[PDB]
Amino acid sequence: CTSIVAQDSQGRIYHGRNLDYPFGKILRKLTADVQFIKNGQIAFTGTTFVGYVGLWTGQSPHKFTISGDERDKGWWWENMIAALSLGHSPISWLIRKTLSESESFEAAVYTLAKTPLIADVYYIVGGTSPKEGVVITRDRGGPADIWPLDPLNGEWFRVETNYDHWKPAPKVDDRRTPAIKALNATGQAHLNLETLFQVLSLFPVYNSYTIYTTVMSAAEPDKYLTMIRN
């Protein structure tokens, strides 16, 4: 997985992600965009697989966007059997619940940071106002790290793949550095959904495991776009 949240020079927030999954020639046929309806209105939009009730990707229009990336320190399944049985939430169920209920980017960040989880994860959240982008590195009990955008100091994008951002990416699976270089070469002044989509189309950010690419912007919810790959 790769998730990117970024701010252009005028303060607009953009959010994109690739969902990678091994042995996924089948999941491509089961990928679907879902509009979740409340009171005859589109409450939030996500992308999922048929039969999967949580969301790894979605937007609350005019409020925030969310994507999750898998985080593995080993023994996931073992630790998730242990973690389930105490009222903790599945990763993608929390995303869906947050899209449904949270009133603001601020509120979503707190919920995604603090709600106990059955597994570790990275949550990437974008809002509608300047600086409203964050990578939340989650332990099961709470946040290991909160990493917001800081354009004031020249840090106008955050890239997350599947590794802790304060550690180097492993040389055998370094999709982070090519994404950073591609964003660097795009420039803050040329960031938009189209150029973000292109960054997410670069090998190995886009690779043989990539099921779909989504780009989205809470401030422009009608531009939500998922492209099934391969």
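Throughout, we count residues from 1 along the sequence that is shown.
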#### Entry: Stretch exceeding the other in mean C-alpha B-factor - 23 to 31, 43 to 51
23 to 31
### Query
What stretch has the higher average Cα B-factor here, 125 to 133 or 83 to 91?
83 to 91
### Task
Could you check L149, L99, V159, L117 and tell me which one carries the biggest Cα B-factor in the deposited entry?
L117
## Note on the structure
Per the deposited entry, the peak Cα B-factor within the set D173, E194, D69, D164 goes to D173
#### Entry: Third of chain Cα B-factors occupied by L183
middle
### Task
Tell me, lowest, middle or highest third: where does the Cα B factor of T210 rank within its chain?
lowest
### Summary
Temperature factor at the Cα of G58, chain-ranked in thirds, falls in the lowest
